[PDB]
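Undergrad: Quick one: structure below, then a few questions.
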Protein chains: 2
Amino acid sequence: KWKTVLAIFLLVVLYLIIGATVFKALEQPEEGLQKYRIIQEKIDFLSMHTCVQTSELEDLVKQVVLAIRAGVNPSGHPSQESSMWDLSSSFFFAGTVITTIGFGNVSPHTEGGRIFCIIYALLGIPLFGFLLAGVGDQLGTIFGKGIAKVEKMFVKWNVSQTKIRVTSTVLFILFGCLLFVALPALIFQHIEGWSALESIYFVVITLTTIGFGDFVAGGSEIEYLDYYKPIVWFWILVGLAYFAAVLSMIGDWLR
Amino acid sequence: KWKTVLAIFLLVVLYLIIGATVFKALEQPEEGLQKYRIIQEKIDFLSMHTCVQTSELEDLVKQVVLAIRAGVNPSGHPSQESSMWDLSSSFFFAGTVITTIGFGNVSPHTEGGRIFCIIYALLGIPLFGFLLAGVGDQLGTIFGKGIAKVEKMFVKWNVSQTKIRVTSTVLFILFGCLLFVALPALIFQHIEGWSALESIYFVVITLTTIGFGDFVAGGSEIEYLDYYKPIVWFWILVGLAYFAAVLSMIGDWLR
Ligand SMILES: C=C(C)[C@@H]1CCC(C)=C[C@H]1c1c(O)cc(CCCCC)cc1O
Ligand SMILES: [K+]
Ligand SMILES: [K+]
């Protein structure tokens, strides 16, 4: 019904308004303090060296931010051997493109690169969706067979059959979340030296296909080896397949 | 069958390998040239001002990159009034979070904001998905009725009705794409002053929900119209609803 659709739309609008207000209130001071700090640091450095011209310093900072947007780190002197568009890195980038994650830490800069990226995404996304649906359906069929094994009126004390089904689904999703969210969060927390909050935020963002780009699996050149990019892409695929299977089972229960 | 699923998996692996190879081959020279350019510009800046120590220069570059990761504009002096986390930008950020776009030009740096960002995404993504599915279902139903009407009013003799339906559906797809890609491309080619290739790249990324972040509707502090971010998000919403309805009709015909 059109009225129901408009009611849902208005609810979404109210949710967005509330989220915008709370985000503004919970972020304004941080960036205010950062602006104050960078302004006072720039003034102190200009007073430190009278030789440096302020316009020249601004030109230098402009070139630094241009290089940052290009995708090369100016703070560390590059040896050109650790190419950012490495073969494993390119494989990870293509995997994220077809997965609709889009971290954006590395982006194509050539015009032909942009055209090829557009064509590649438009061709690959339906194929990846088809594969994900197939694997999720396979895992859902296996889980349904497991539930049919569970439905035996035994080792449940006959409390409530609906409670038993709900408990089985909850245990399945809990075990899957523990296997594919918390444990990879700990692994990334140890490997990348981040905090637990940072690692769990990275895992949630990556799996939910958001891809903010503030935290990337490969960054700051700390010698990721043993095909780190292929295995992290494989973990992404397995987790997404599991979540798709759980969603398919949930849709089966709802309908 | 699981066998053809594994075959599709091998096809996806091959596609990713080919894409990675082509991307690396295309994007090596740009990063190489940028590395050499930044190295030679830093040595030139050291030559111009012998007072500056190279370690202090790299420290200043490190501070600039840290401010870039913070989200403020390092070049020039950021005005205190120019709060990046204002109402309109927060509304756009919340909309992109629920839509799963995830551009990444802005992100909650405060730990409290991060926790709320995780909870907000987890709650809002299902609601926006349900709203999009409902709007797509309604629009697809009226599309099917209208296409059946115009099919059985204009051409009814000496042809195949399936071919007529396919041709009319392709015509509608093309017209909707031209009204939802080319016209926004021109609008962005005026307000944002991007080249036509950049505008179509931005539209393709935005509607696909890749969300690279190299191009953002509101950025560079170039000044925009009142509540430009909400209206551009509304454009995103409309385009996504139309394309979801079209794909639903295509799936209905396929089924
Ligand atoms: C045409 C694409 C690429 C689809 C469908 C239409 C639009 C506007 C966006 C895309 C999209 C996802 O790519 C992924 C999800 C959620 C996946 C969750 C997996 C756990 C939703 C979702 O709408
Ligand atoms: K997405
Ligand atoms: K993204």
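Naming works like this for the structure tokens: A, B, ... for the chains as they're shown, residue 1 at the start of each chain, ligands 1 onward in shown order.
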Can you tell me which residues come within 8 Å of ligand 2 when counting only C-alpha atoms and all ligand atoms, ideally as a PyMOL selection string?

TA: (chain A and resi 99-102+208-211) or (chain B and resi 99-102+208-211)

Undergrad: Just N, CA, C and O atoms for this one: save the residues we selected as a JSON list (two decimals), in the first residue's frame.

TA:
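Okay, part_6.json is ready:
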[["chain", "number", "residue", "atom", "x", "y", "z"],
["A", 99, "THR", "N", 33.01, -7.50, -4.77],
["A", 99, "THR", "CA", 32.26, -7.72, -3.54],
["A", 99, "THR", "C", 31.46, -6.50, -3.11],
["A", 99, "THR", "O", 30.72, -6.59, -2.12],
["A", 100, "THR", "N", 31.57, -5.38, -3.83],
["A", 100, "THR", "CA", 30.93, -4.11, -3.48],
["A", 100, "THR", "C", 31.32, -3.65, -2.07],
["A", 100, "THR", "O", 30.50, -3.08, -1.35],
["A", 101, "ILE", "N", 32.56, -3.90, -1.67],
["A", 101, "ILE", "CA", 33.06, -3.33, -0.42],
["A", 101, "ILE", "C", 33.55, -1.91, -0.66],
["A", 101, "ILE", "O", 33.04, -0.95, -0.06],
["A", 102, "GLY", "N", 34.54, -1.75, -1.53],
["A", 102, "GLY", "CA", 35.04, -0.45, -1.90],
["A", 102, "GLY", "C", 35.71, 0.31, -0.78],
["A", 102, "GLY", "O", 35.18, 1.32, -0.30],
["A", 208, "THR", "N", 29.90, -5.88, 6.50],
["A", 208, "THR", "CA", 28.63, -5.24, 6.17],
["A", 208, "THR", "C", 28.66, -4.54, 4.80],
["A", 208, "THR", "O", 27.70, -3.86, 4.44],
["A", 209, "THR", "N", 29.78, -4.67, 4.07],
["A", 209, "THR", "CA", 29.98, -4.09, 2.75],
["A", 209, "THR", "C", 29.96, -2.56, 2.77],
["A", 209, "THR", "O", 29.60, -1.93, 1.77],
["A", 210, "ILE", "N", 30.31, -1.96, 3.90],
["A", 210, "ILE", "CA", 30.36, -0.50, 3.99],
["A", 210, "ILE", "C", 31.65, 0.04, 3.40],
["A", 210, "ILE", "O", 31.64, 0.86, 2.48],
["A", 211, "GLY", "N", 32.79, -0.41, 3.94],
["A", 211, "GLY", "CA", 34.09, -0.03, 3.42],
["A", 211, "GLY", "C", 34.43, 1.45, 3.54],
["A", 211, "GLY", "O", 34.53, 2.15, 2.53],
["B", 99, "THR", "N", 22.40, 3.35, 3.45],
["B", 99, "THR", "CA", 22.32, 2.90, 2.06],
["B", 99, "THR", "C", 23.43, 1.91, 1.70],
["B", 99, "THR", "O", 23.36, 1.28, 0.63],
["B", 100, "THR", "N", 24.45, 1.78, 2.55],
["B", 100, "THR", "CA", 25.66, 0.95, 2.41],
["B", 100, "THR", "C", 26.61, 1.53, 1.37],
["B", 100, "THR", "O", 27.51, 0.81, 0.91],
["B", 101, "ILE", "N", 26.44, 2.79, 0.95],
["B", 101, "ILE", "CA", 27.38, 3.42, 0.03],
["B", 101, "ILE", "C", 28.77, 3.47, 0.64],
["B", 101, "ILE", "O", 29.72, 2.85, 0.13],
["B", 102, "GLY", "N", 28.92, 4.20, 1.74],
["B", 102, "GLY", "CA", 30.20, 4.32, 2.41],
["B", 102, "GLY", "C", 31.27, 5.03, 1.60],
["B", 102, "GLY", "O", 32.23, 4.39, 1.17],
["B", 208, "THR", "N", 26.12, 2.02, -7.73],
["B", 208, "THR", "CA", 26.53, 0.64, -7.56],
["B", 208, "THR", "C", 26.77, 0.29, -6.09],
["B", 208, "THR", "O", 26.71, -0.89, -5.71],
["B", 209, "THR", "N", 26.96, 1.31, -5.24],
["B", 209, "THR", "CA", 27.32, 1.21, -3.82],
["B", 209, "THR", "C", 28.72, 0.65, -3.61],
["B", 209, "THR", "O", 29.00, 0.01, -2.60],
["B", 210, "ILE", "N", 29.62, 0.90, -4.57],
["B", 210, "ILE", "CA", 31.04, 0.64, -4.35],
["B", 210, "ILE", "C", 31.60, 1.64, -3.34],
["B", 210, "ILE", "O", 32.27, 1.25, -2.37],
["B", 211, "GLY", "N", 31.31, 2.92, -3.53],
["B", 211, "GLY", "CA", 31.73, 3.96, -2.61],
["B", 211, "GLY", "C", 33.23, 4.10, -2.46],
["B", 211, "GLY", "O", 33.77, 3.88, -1.37]]

Undergrad: Neighbours of residue 49 (chain A) within 12 Å (only C-alpha atoms; same-chain residues fewer than 5 positions away dropped), as a list in words?

TA: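 Near neighbours after the sequence-gap exclusion: residues 42, 43, 44, 54 and 57 of chain A; 49, 50, 51, 52, 53, 56 and 57 of chain B.
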
Undergrad: Skip residue 199 (chain B) itself and residues of its chain fewer than 5 positions away, then list as a ChimeraX atom specification all residues within 8 Å of it, counting only C-alpha atoms.

TA: /B:185-186,188-189,194

Undergrad: Produce a file of the selected residues containing N, CA, C and O atoms, as a PDB file, in the first residue's frame.

TA:
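Just written: again.pdb:
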ATOM      1  N   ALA B 185      24.906  13.611 -14.455  1.00  0.00           N
ATOM      2  CA  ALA B 185      26.279  13.858 -14.881  1.00  0.00           C
ATOM      3  C   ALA B 185      26.472  15.307 -15.303  1.00  0.00           C
ATOM      4  O   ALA B 185      27.470  15.933 -14.942  1.00  0.00           O
ATOM      5  N   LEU B 186      25.519  15.863 -16.056  1.00  0.00           N
ATOM      6  CA  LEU B 186      25.601  17.274 -16.430  1.00  0.00           C
ATOM      7  C   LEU B 186      25.464  18.183 -15.210  1.00  0.00           C
ATOM      8  O   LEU B 186      26.187  19.187 -15.082  1.00  0.00           O
ATOM      9  N   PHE B 188      26.292  17.576 -12.099  1.00  0.00           N
ATOM     10  CA  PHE B 188      27.567  17.550 -11.392  1.00  0.00           C
ATOM     11  C   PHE B 188      28.685  18.179 -12.215  1.00  0.00           C
ATOM     12  O   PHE B 188      29.632  18.735 -11.648  1.00  0.00           O
ATOM     13  N   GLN B 189      28.598  18.108 -13.546  1.00  0.00           N
ATOM     14  CA  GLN B 189      29.555  18.771 -14.425  1.00  0.00           C
ATOM     15  C   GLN B 189      29.425  20.282 -14.367  1.00  0.00           C
ATOM     16  O   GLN B 189      30.308  20.991 -14.857  1.00  0.00           O
ATOM     17  N   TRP B 194      33.445  18.871 -12.597  1.00  0.00           N
ATOM     18  CA  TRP B 194      34.201  17.689 -12.974  1.00  0.00           C
ATOM     19  C   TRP B 194      34.092  17.450 -14.476  1.00  0.00           C
ATOM     20  O   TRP B 194      33.125  17.858 -15.121  1.00  0.00           O
TER      21      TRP B 194
END

Undergrad: Would you kindly report the residues of chain A within 6 Å of chain B, using only C-alpha atoms, as an mmCIF file with C-alpha atoms, in the first residue's frame?

TA:
data_model
loop_
_atom_site.group_PDB
_atom_site.id
_atom_site.type_symbol
_atom_site.label_atom_id
_atom_site.label_comp_id
_atom_site.auth_asym_id
_atom_site.auth_seq_id
_atom_site.Cartn_x
_atom_site.Cartn_y
_atom_site.Cartn_z
ATOM 1 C CA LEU A 16 18.134 9.762 9.681
ATOM 2 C CA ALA A 20 22.442 13.192 12.078
ATOM 3 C CA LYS A 24 26.984 16.097 14.939
ATOM 4 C CA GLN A 28 32.001 18.543 16.396
ATOM 5 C CA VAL A 61 51.567 21.181 2.122
ATOM 6 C CA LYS A 62 49.448 21.363 -1.039
ATOM 7 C CA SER A 75 56.571 10.866 4.972
ATOM 8 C CA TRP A 85 49.503 -1.695 -7.035
ATOM 9 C CA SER A 90 45.587 -5.818 -7.238
ATOM 10 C CA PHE A 91 43.900 -9.158 -6.541
ATOM 11 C CA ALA A 94 39.529 -6.582 -7.696
ATOM 12 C CA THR A 100 30.933 -4.109 -3.477
ATOM 13 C CA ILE A 101 33.063 -3.333 -0.424
ATOM 14 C CA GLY A 102 35.041 -0.446 -1.905
ATOM 15 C CA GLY A 104 38.927 3.308 -1.512
ATOM 16 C CA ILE A 210 30.356 -0.500 3.992
ATOM 17 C CA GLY A 211 34.090 -0.026 3.416
ATOM 18 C CA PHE A 212 34.884 3.345 4.969
#

Undergrad: So these two share a sequence; what Cα RMSD do you get laying chain A over chain B, all Cα, in order, least squares?

TA: 1.0 Å

Undergrad: Give the answer as one residue: which of B:249, B:236, B:10, B:217 has the shortest atom-to-atom distance to ligand 1, using only C-alpha atoms and all ligand atoms?

TA: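 Under the stated criterion, the closest residue is B:236.
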
Undergrad: Residues of region 11-91 of chain B classed as alpha helix (DSSP H) by DSSP on the backbone are to be reported as a VMD selection string.

TA: chain B and resid 11 to 48 54 to 70 87 to 91

Undergrad: List the spatial neighbours of residue 218 (chain A) as a PyMOL selection string - criterion: any atom at most 9 Å away, only C-alpha atoms, same-chain residues fewer than 6 positions off excluded.

TA: chain A and resi 89+192+224+228-229
